[PDB]
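Below is one structure, written out as C-alpha coordinates; comments come after it.
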Amino acid sequence: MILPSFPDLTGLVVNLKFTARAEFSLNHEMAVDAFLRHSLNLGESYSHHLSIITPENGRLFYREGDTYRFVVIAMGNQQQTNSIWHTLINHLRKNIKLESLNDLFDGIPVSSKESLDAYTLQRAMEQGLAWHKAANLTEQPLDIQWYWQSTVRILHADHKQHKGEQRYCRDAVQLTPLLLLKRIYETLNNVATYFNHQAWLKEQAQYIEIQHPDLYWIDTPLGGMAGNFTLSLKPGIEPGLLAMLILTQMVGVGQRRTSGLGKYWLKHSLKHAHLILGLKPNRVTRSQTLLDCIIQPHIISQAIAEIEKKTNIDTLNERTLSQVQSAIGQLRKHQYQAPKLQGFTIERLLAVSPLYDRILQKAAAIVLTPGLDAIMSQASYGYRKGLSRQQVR
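FYI, in PDB author numbering the residues of the sequence shown are 1 to 94, 111 to 211, 222 to 247, 258 to 382, 389 to 435.
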(Lines of atoms letter the chains of each structure in order from A and count residues from 1; the text may use other names and numbers.)
(Lines give C-alpha, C1' and ligand atoms only; values in the text may rest on other atoms or scores of the structure.)
Protein backbone atom coordinates (compact mmCIF):
# COMPACT_ATOMS: atom_id res chain seq x y z
CA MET A 1 0.00 0.00 0.00
CA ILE A 2 3.05 2.22 0.48
CA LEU A 3 3.74 1.86 -3.27
CA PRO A 4 0.54 1.07 -5.21
CA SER A 5 2.66 0.41 -8.33
CA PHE A 6 6.26 0.06 -9.49
CA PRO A 7 8.12 -0.92 -12.67
CA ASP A 8 9.58 -4.40 -13.15
CA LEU A 9 13.34 -4.19 -12.61
CA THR A 10 15.53 -6.36 -14.84
CA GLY A 11 19.28 -6.69 -15.20
CA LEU A 12 22.27 -7.91 -17.15
CA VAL A 13 25.76 -8.78 -15.91
CA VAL A 14 28.34 -8.24 -18.66
CA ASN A 15 31.86 -9.66 -18.42
CA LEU A 16 34.30 -8.38 -21.04
CA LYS A 17 38.00 -8.93 -21.76
CA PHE A 18 40.74 -6.33 -22.13
CA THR A 19 43.04 -6.61 -25.14
CA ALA A 20 44.91 -3.35 -24.51
CA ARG A 21 46.71 -1.49 -21.74
CA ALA A 22 43.90 0.56 -20.18
CA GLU A 23 43.87 2.81 -17.11
CA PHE A 24 40.74 3.96 -15.26
CA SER A 25 40.02 6.64 -12.70
CA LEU A 26 39.26 5.76 -9.09
CA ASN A 27 35.49 5.75 -9.69
CA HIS A 28 34.41 4.01 -12.88
CA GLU A 29 30.78 5.12 -13.26
CA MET A 30 31.71 8.07 -15.48
CA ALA A 31 33.64 6.07 -18.09
CA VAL A 32 31.05 3.28 -18.28
CA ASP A 33 28.24 5.85 -18.43
CA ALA A 34 29.97 7.61 -21.34
CA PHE A 35 30.52 4.22 -23.00
CA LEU A 36 26.81 3.39 -22.91
CA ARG A 37 25.87 6.89 -24.02
CA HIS A 38 28.20 6.91 -27.04
CA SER A 39 27.16 3.33 -27.83
CA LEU A 40 23.37 3.23 -27.45
CA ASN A 41 22.57 6.89 -28.32
CA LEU A 42 19.06 6.87 -26.88
CA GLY A 43 18.81 10.56 -26.00
CA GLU A 44 16.55 11.51 -23.11
CA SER A 45 14.85 8.18 -22.34
CA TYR A 46 18.13 6.60 -21.20
CA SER A 47 17.75 8.69 -18.06
CA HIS A 48 14.32 7.21 -17.35
CA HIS A 49 14.91 3.49 -17.90
CA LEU A 50 18.52 2.54 -17.18
CA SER A 51 21.10 2.52 -14.40
CA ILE A 52 24.66 1.25 -13.90
CA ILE A 53 26.43 -0.74 -11.18
CA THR A 54 30.21 -1.00 -11.45
CA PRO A 55 31.60 -3.54 -8.95
CA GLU A 56 35.23 -2.65 -9.71
CA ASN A 57 36.35 0.53 -7.98
CA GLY A 58 39.73 1.63 -6.73
CA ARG A 59 41.75 -0.46 -9.20
CA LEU A 60 43.57 2.09 -11.34
CA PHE A 61 46.05 0.30 -13.63
CA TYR A 62 44.50 -2.57 -15.58
CA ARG A 63 46.37 -4.87 -17.97
CA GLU A 64 46.02 -7.29 -20.86
CA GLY A 65 44.35 -10.53 -19.84
CA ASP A 66 42.36 -8.80 -17.08
CA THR A 67 38.58 -8.89 -17.34
CA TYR A 68 35.84 -6.45 -16.31
CA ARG A 69 32.33 -6.97 -14.96
CA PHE A 70 29.43 -4.56 -14.60
CA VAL A 71 25.64 -4.62 -14.29
CA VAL A 72 23.02 -2.73 -16.32
CA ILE A 73 19.55 -2.38 -14.79
CA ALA A 74 16.44 -1.60 -16.84
CA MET A 75 12.92 -0.57 -15.77
CA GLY A 76 9.55 -0.75 -17.48
CA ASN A 77 7.14 -3.11 -19.19
CA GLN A 78 7.64 -4.52 -22.71
CA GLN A 79 10.89 -2.66 -23.33
CA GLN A 80 13.14 -3.44 -26.29
CA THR A 81 16.23 -1.66 -24.95
CA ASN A 82 17.69 -5.02 -23.94
CA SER A 83 17.11 -6.42 -27.44
CA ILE A 84 19.08 -3.75 -29.31
CA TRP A 85 21.59 -3.80 -26.46
CA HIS A 86 22.14 -7.54 -27.00
CA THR A 87 22.40 -7.17 -30.78
CA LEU A 88 24.90 -4.32 -30.57
CA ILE A 89 26.88 -5.82 -27.69
CA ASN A 90 27.44 -9.21 -29.35
CA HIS A 91 29.64 -7.69 -32.06
CA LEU A 92 31.64 -5.56 -29.59
CA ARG A 93 35.06 -6.95 -30.50
CA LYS A 94 37.58 -4.08 -30.23
CA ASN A 95 40.04 -1.68 -26.59
CA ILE A 96 37.29 -4.08 -25.50
CA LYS A 97 36.63 -7.78 -26.13
CA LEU A 98 33.66 -9.84 -24.88
CA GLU A 99 33.66 -12.84 -22.57
CA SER A 100 30.01 -13.42 -21.62
CA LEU A 101 26.63 -12.05 -20.56
CA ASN A 102 24.48 -13.40 -17.73
CA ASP A 103 20.91 -12.64 -16.69
CA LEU A 104 20.82 -10.95 -13.29
CA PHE A 105 18.00 -12.83 -11.57
CA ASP A 106 17.81 -16.32 -13.10
CA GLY A 107 21.60 -16.56 -13.45
CA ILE A 108 21.44 -18.51 -16.73
CA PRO A 109 23.55 -17.09 -19.58
CA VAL A 110 22.13 -14.56 -22.00
CA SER A 111 21.02 -17.14 -24.58
CA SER A 112 17.30 -17.95 -24.84
CA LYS A 113 16.44 -14.31 -24.12
CA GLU A 114 12.78 -14.20 -25.18
CA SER A 115 11.71 -12.97 -21.74
CA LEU A 116 13.75 -12.19 -18.64
CA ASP A 117 12.75 -12.52 -15.00
CA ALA A 118 10.65 -9.73 -13.48
CA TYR A 119 11.39 -8.40 -9.99
CA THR A 120 7.73 -7.66 -9.35
CA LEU A 121 6.72 -5.46 -6.39
CA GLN A 122 5.02 -8.45 -4.76
CA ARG A 123 8.37 -10.25 -4.83
CA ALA A 124 9.95 -7.30 -3.02
CA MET A 125 7.23 -7.43 -0.37
CA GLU A 126 7.75 -11.19 -0.01
CA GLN A 127 11.54 -10.92 0.31
CA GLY A 128 11.05 -8.24 2.95
CA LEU A 129 8.23 -9.81 4.97
CA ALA A 130 9.77 -13.29 5.09
CA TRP A 131 13.04 -11.70 6.22
CA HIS A 132 11.12 -9.90 8.97
CA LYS A 133 9.48 -13.17 10.02
CA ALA A 134 12.81 -15.01 10.11
CA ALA A 135 14.62 -12.18 11.92
CA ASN A 136 12.15 -10.83 14.53
CA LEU A 137 12.70 -11.56 18.22
CA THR A 138 11.19 -8.16 19.28
CA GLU A 139 14.09 -7.73 21.77
CA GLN A 140 16.99 -7.42 19.32
CA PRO A 141 19.03 -4.45 18.05
CA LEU A 142 19.25 -6.00 14.56
CA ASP A 143 22.33 -4.03 13.53
CA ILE A 144 23.12 -4.11 9.80
CA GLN A 145 26.05 -2.24 8.31
CA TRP A 146 25.62 0.17 5.41
CA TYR A 147 28.39 0.55 2.82
CA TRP A 148 28.32 3.20 0.12
CA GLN A 149 29.38 2.86 -3.51
CA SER A 150 31.85 5.76 -2.90
CA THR A 151 29.36 8.52 -3.86
CA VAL A 152 25.98 9.93 -2.87
CA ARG A 153 24.51 13.44 -3.12
CA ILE A 154 21.65 14.31 -0.74
CA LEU A 155 20.33 17.57 0.73
CA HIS A 156 20.24 18.05 4.49
CA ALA A 157 16.61 19.06 5.19
CA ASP A 158 16.67 20.43 1.60
CA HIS A 159 18.27 23.56 3.01
CA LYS A 160 17.90 26.54 0.70
CA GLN A 161 19.83 28.72 3.16
CA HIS A 162 23.35 27.43 2.52
CA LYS A 163 22.95 28.06 -1.22
CA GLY A 164 25.75 26.30 -3.06
CA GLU A 165 28.11 23.35 -2.84
CA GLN A 166 27.67 23.47 0.96
CA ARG A 167 24.04 22.40 0.55
CA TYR A 168 24.99 18.69 0.53
CA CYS A 169 25.68 16.30 3.42
CA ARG A 170 29.37 15.84 4.22
CA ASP A 171 29.64 14.50 7.80
CA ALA A 172 27.91 12.22 10.31
CA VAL A 173 25.83 14.87 12.11
CA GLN A 174 23.87 15.75 8.96
CA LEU A 175 22.74 12.12 8.65
CA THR A 176 19.16 12.12 9.95
CA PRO A 177 17.18 8.85 9.87
CA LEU A 178 14.00 10.70 8.91
CA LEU A 179 15.97 12.55 6.22
CA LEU A 180 17.22 9.29 4.68
CA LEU A 181 13.78 7.70 4.76
CA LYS A 182 12.27 10.85 3.25
CA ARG A 183 14.81 10.88 0.40
CA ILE A 184 14.17 7.19 -0.24
CA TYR A 185 10.42 7.84 -0.41
CA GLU A 186 11.02 10.77 -2.76
CA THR A 187 13.04 8.70 -5.24
CA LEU A 188 10.60 5.77 -5.17
CA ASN A 189 7.60 8.07 -5.61
CA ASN A 190 9.31 9.86 -8.49
CA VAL A 191 9.96 6.58 -10.31
CA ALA A 192 6.39 5.45 -9.64
CA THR A 193 4.87 8.75 -10.78
CA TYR A 194 6.81 8.89 -14.04
CA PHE A 195 4.97 5.78 -15.26
CA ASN A 196 -0.94 12.60 0.69
CA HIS A 197 -1.50 10.66 3.92
CA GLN A 198 1.44 8.30 3.39
CA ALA A 199 4.23 10.85 3.84
CA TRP A 200 2.78 11.53 7.29
CA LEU A 201 2.91 7.93 8.55
CA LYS A 202 6.61 7.50 7.76
CA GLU A 203 7.30 10.47 10.03
CA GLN A 204 5.94 8.60 13.06
CA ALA A 205 7.51 5.21 12.31
CA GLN A 206 11.18 6.17 12.58
CA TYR A 207 12.85 3.85 15.09
CA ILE A 208 16.17 3.41 13.28
CA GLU A 209 19.50 4.74 14.51
CA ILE A 210 22.88 5.60 13.01
CA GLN A 211 25.78 4.16 15.00
CA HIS A 212 29.55 4.56 14.75
CA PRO A 213 29.55 6.54 11.47
CA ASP A 214 32.59 6.80 9.24
CA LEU A 215 31.58 9.02 6.33
CA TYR A 216 33.70 11.63 4.54
CA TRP A 217 33.85 13.79 1.42
CA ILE A 218 35.45 12.86 -1.93
CA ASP A 219 35.63 15.44 -4.74
CA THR A 220 35.94 13.81 -8.15
CA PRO A 221 38.17 15.79 -10.60
CA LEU A 222 31.80 16.88 -8.84
CA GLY A 223 31.28 15.89 -5.24
CA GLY A 224 30.15 13.04 -3.05
CA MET A 225 30.35 11.43 0.36
CA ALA A 226 31.64 7.93 1.00
CA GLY A 227 31.84 5.55 3.92
CA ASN A 228 29.94 3.14 6.12
CA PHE A 229 27.68 3.30 9.16
CA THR A 230 25.90 0.81 11.41
CA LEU A 231 22.17 1.19 10.85
CA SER A 232 20.36 -0.23 13.89
CA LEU A 233 16.75 -1.40 13.89
CA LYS A 234 14.27 -1.24 16.77
CA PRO A 235 11.58 -3.95 17.02
CA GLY A 236 8.48 -1.86 16.27
CA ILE A 237 9.34 -1.56 12.57
CA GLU A 238 7.01 -3.22 10.05
CA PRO A 239 8.03 -5.01 6.81
CA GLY A 240 6.75 -2.08 4.74
CA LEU A 241 9.83 -0.02 5.56
CA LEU A 242 12.03 -3.00 4.71
CA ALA A 243 10.45 -3.24 1.26
CA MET A 244 11.49 0.36 0.56
CA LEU A 245 15.01 -0.38 1.81
CA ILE A 246 15.39 -3.39 -0.47
CA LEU A 247 13.96 -1.72 -3.58
CA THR A 248 16.13 1.38 -3.05
CA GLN A 249 19.13 -0.96 -2.83
CA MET A 250 18.74 -1.13 -6.64
CA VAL A 251 16.87 2.01 -7.73
CA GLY A 252 19.09 4.40 -5.76
CA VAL A 253 18.90 7.47 -3.54
CA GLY A 254 20.17 11.00 -4.08
CA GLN A 255 20.66 13.51 -6.85
CA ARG A 256 21.52 12.32 -10.37
CA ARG A 257 21.13 8.57 -9.98
CA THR A 258 21.17 8.25 -13.78
CA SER A 259 24.97 8.52 -13.74
CA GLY A 260 24.92 5.55 -11.34
CA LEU A 261 25.54 7.61 -8.22
CA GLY A 262 23.71 6.98 -4.99
CA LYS A 263 23.62 3.21 -4.56
CA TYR A 264 24.75 1.17 -1.59
CA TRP A 265 24.79 -2.30 -0.13
CA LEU A 266 23.95 -3.75 3.26
CA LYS A 267 25.46 -6.84 4.89
CA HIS A 268 23.12 -8.28 7.50
CA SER A 269 24.20 -9.75 10.82
CA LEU A 270 25.97 -13.09 10.59
CA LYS A 271 24.76 -16.56 11.73
CA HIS A 272 21.35 -15.85 10.18
CA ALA A 273 19.47 -18.53 8.30
CA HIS A 274 20.62 -18.29 4.70
CA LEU A 275 18.11 -16.04 2.95
CA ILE A 276 19.41 -14.16 -0.09
CA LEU A 277 16.95 -11.58 -1.40
CA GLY A 278 16.92 -9.37 -4.47
CA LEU A 279 20.55 -8.89 -5.44
CA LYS A 280 23.04 -11.68 -4.69
CA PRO A 281 26.34 -10.69 -3.05
CA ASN A 282 28.31 -13.15 -5.22
CA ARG A 283 27.02 -11.74 -8.52
CA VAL A 284 27.86 -8.04 -8.10
CA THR A 285 31.54 -8.60 -7.35
CA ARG A 286 34.85 -7.93 -9.08
CA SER A 287 35.50 -10.46 -11.83
CA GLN A 288 39.21 -10.89 -11.04
CA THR A 289 39.48 -10.61 -7.27
CA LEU A 290 42.35 -8.92 -5.45
CA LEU A 291 44.09 -12.16 -4.46
CA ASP A 292 44.51 -13.22 -8.08
CA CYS A 293 46.20 -9.87 -8.68
CA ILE A 294 48.44 -10.62 -5.69
CA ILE A 295 49.53 -13.96 -7.17
CA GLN A 296 50.28 -12.59 -10.65
CA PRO A 297 53.96 -13.37 -11.38
CA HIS A 298 55.37 -9.98 -12.43
CA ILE A 299 54.13 -8.26 -9.26
CA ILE A 300 55.79 -11.00 -7.20
CA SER A 301 59.07 -10.50 -9.08
CA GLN A 302 58.72 -6.75 -8.47
CA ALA A 303 58.25 -7.41 -4.75
CA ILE A 304 61.30 -9.68 -4.68
CA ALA A 305 63.31 -6.90 -6.32
CA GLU A 306 61.95 -4.39 -3.79
CA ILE A 307 62.56 -6.31 -0.54
CA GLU A 308 66.04 -7.72 -1.25
CA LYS A 309 67.90 -4.55 -0.22
CA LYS A 310 67.58 -5.08 3.55
CA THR A 311 66.89 -8.79 3.17
CA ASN A 312 69.72 -10.08 5.41
CA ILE A 313 69.39 -13.40 3.58
CA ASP A 314 71.32 -16.30 5.12
CA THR A 315 69.81 -19.46 3.57
CA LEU A 316 69.53 -21.00 0.11
CA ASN A 317 67.40 -18.98 -2.31
CA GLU A 318 66.06 -21.77 -4.52
CA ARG A 319 64.13 -23.07 -1.52
CA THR A 320 62.75 -19.57 -0.95
CA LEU A 321 61.54 -19.40 -4.55
CA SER A 322 60.07 -22.90 -4.36
CA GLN A 323 58.37 -21.88 -1.11
CA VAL A 324 56.83 -18.73 -2.58
CA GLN A 325 55.65 -20.72 -5.61
CA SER A 326 54.14 -23.41 -3.38
CA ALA A 327 52.48 -20.71 -1.26
CA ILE A 328 51.12 -19.18 -4.47
CA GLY A 329 49.61 -22.57 -5.25
CA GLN A 330 48.16 -22.73 -1.74
CA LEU A 331 46.68 -19.23 -1.99
CA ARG A 332 45.09 -20.15 -5.32
CA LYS A 333 43.80 -23.27 -3.56
CA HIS A 334 42.47 -21.04 -0.72
CA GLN A 335 44.26 -23.16 1.91
CA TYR A 336 47.20 -20.98 3.02
CA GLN A 337 48.10 -20.53 6.69
CA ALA A 338 50.55 -17.84 7.71
CA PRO A 339 53.70 -18.56 9.75
CA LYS A 340 54.09 -17.14 13.25
CA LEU A 341 56.63 -14.43 13.97
CA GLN A 342 60.24 -14.99 15.05
CA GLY A 343 62.39 -12.70 17.16
CA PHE A 344 65.88 -11.98 15.83
CA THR A 345 68.59 -9.72 17.19
CA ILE A 346 69.85 -7.08 14.77
CA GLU A 347 71.77 -4.50 19.72
CA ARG A 348 67.99 -4.14 19.61
CA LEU A 349 65.73 -7.17 19.19
CA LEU A 350 63.19 -7.08 16.34
CA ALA A 351 60.42 -9.57 15.61
CA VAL A 352 60.00 -10.41 11.92
CA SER A 353 58.40 -13.17 9.89
CA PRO A 354 60.27 -15.56 7.58
CA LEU A 355 61.38 -13.82 4.42
CA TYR A 356 58.98 -15.48 1.98
CA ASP A 357 55.92 -14.34 3.93
CA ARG A 358 57.54 -10.89 4.04
CA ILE A 359 57.76 -11.10 0.24
CA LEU A 360 54.05 -11.92 0.00
CA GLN A 361 53.20 -8.97 2.27
CA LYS A 362 55.35 -6.61 0.18
CA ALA A 363 53.55 -7.87 -2.93
CA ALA A 364 50.18 -7.04 -1.35
CA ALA A 365 51.47 -3.57 -0.42
CA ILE A 366 52.68 -2.97 -4.00
CA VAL A 367 49.23 -3.93 -5.29
CA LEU A 368 47.34 -1.77 -2.77
CA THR A 369 49.48 1.39 -2.97
CA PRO A 370 48.06 3.23 -6.06
CA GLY A 371 44.37 3.11 -5.09
CA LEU A 372 45.04 4.19 -1.51
CA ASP A 373 47.32 7.01 -2.68
CA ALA A 374 44.66 8.24 -5.11
CA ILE A 375 41.98 8.09 -2.40
CA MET A 376 44.13 10.01 0.06
CA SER A 377 44.80 12.70 -2.54
CA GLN A 378 41.09 13.08 -3.38
CA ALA A 379 39.69 13.16 0.18
CA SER A 380 39.24 15.52 3.10
CA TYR A 381 41.78 13.70 5.31
CA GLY A 382 44.39 14.38 2.64
CA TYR A 383 48.08 15.09 2.85
CA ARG A 384 48.98 18.38 1.15
CA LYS A 385 52.15 17.84 -0.88
CA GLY A 386 52.49 21.40 -2.13
CA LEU A 387 52.34 23.33 1.12
CA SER A 388 51.74 27.06 1.03
CA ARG A 389 54.57 28.17 3.29
CA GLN A 390 52.80 31.32 4.47
CA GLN A 391 49.67 29.27 5.18
CA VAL A 392 51.64 26.60 7.06
CA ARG A 393 53.45 29.14 9.24
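Every residue, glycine too, gets a C-beta built ideally from N, C-alpha and C.
What do you get for residue i, buried or exposed, if any count of 16 or more other CB atoms within 10 angstroms of its CB means buried?
i, result
"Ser-166", "buried"
"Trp-226", "exposed"
"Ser-39", "exposed"
"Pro-7", "buried"
"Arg-293", "buried"
"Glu-354", "exposed"
"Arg-63", "exposed"
"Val-394", "exposed"
"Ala-31", "exposed"
"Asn-82", "buried"
"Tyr-184", "buried"
"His-175", "exposed"
"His-28", "buried"
"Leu-196", "buried"
"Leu-352", "exposed"
Check whether the Cβ atoms of residue i and residue j sit closer than 9 Å, and answer yes or no.
i, j, result
"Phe-18", "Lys-113", "yes"
"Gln-177", "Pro-271", "no"
"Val-126", "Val-320", "no"
"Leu-191", "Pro-239", "yes"
"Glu-181", "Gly-259", "yes"
"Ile-236", "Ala-188", "yes"
"residue 219", "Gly-58", "Any structural detail on residue 219 is unavailable, because the chain resumes at 222 straight after 211."
"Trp-243", "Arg-186", "yes"
"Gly-296", "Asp-33", "yes"
"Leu-327", "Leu-397", "no"
"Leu-3", "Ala-279", "yes"
"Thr-10", "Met-75", "yes"
"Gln-143", "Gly-276", "no"
"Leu-269", "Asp-159", "yes"
"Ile-330", "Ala-374", "no"
"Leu-281", "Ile-200", "yes"
"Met-261", "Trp-162", "no"
"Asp-245", "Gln-433", "no"
"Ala-208", "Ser-5", "yes"
"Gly-298", "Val-168", "yes"
"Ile-312", "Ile-401", "no"
"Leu-26", "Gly-424", "no"
"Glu-229", "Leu-194", "yes"
"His-49", "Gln-79", "yes"
Could you give the DSSP three-state label for residue i: helix, strand or coil?
i, result
"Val-394", "strand"
"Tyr-233", "coil"
"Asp-174", "helix"
"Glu-202", "helix"
"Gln-324", "coil"
"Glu-29", "helix"
"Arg-368", "helix"
"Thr-266", "strand"
"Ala-134", "coil"
"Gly-180", "coil"
"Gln-378", "strand"
"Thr-154", "coil"
"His-148", "helix"
"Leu-402", "helix"
"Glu-389", "coil"
"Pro-271", "coil"
"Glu-354", "helix"
"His-238", "strand"
"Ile-53", "strand"
"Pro-412", "helix"
"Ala-421", "strand"
"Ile-349", "coil"
"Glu-23", "strand"
"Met-141", "helix"
"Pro-125", "strand"
"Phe-61", "strand"
"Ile-244", "strand"
So the alpha helix (DSSP H) residue i belongs to, where does it begin and stop?
i, result
"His-86", "81-90"
"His-48", "46-49"
"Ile-343", "333-343"
"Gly-276", "275-287"
"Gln-432", "431-434"
In the DSSP assignment, the beta strand (DSSP E) including residue i goes from what residue to what residue?
i, result
"residue 455", "Any answer about residue 455 is impossible in this case: the structure gives the chain only from 1 up to 435."
"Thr-10", "10-17"
"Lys-427", "Here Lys-427 belongs to no beta strand (DSSP E), and DSSP marks it neither H nor E."
"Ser-116", "116-119"
"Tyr-300", "300-303"
"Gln-161", "160-164"
* **Touch test, the region 70-79 against the region 36-56, Cβ-Cβ under 8 Å, three pairs minimum** => yes
* Is the region 302-310 touching the region 357-364 in the sense that three or more CB pairs, one from each, lie closer than 8 Å? -> no
* the region 188-205 / the region 275-290 touching (three or more Cβ pairs under 8 Å) -> Yes, they touch.
* For the region 328-343 against the region 308-320, are there 3 or more C-beta pairs whose distance is under 8 Å? -> no
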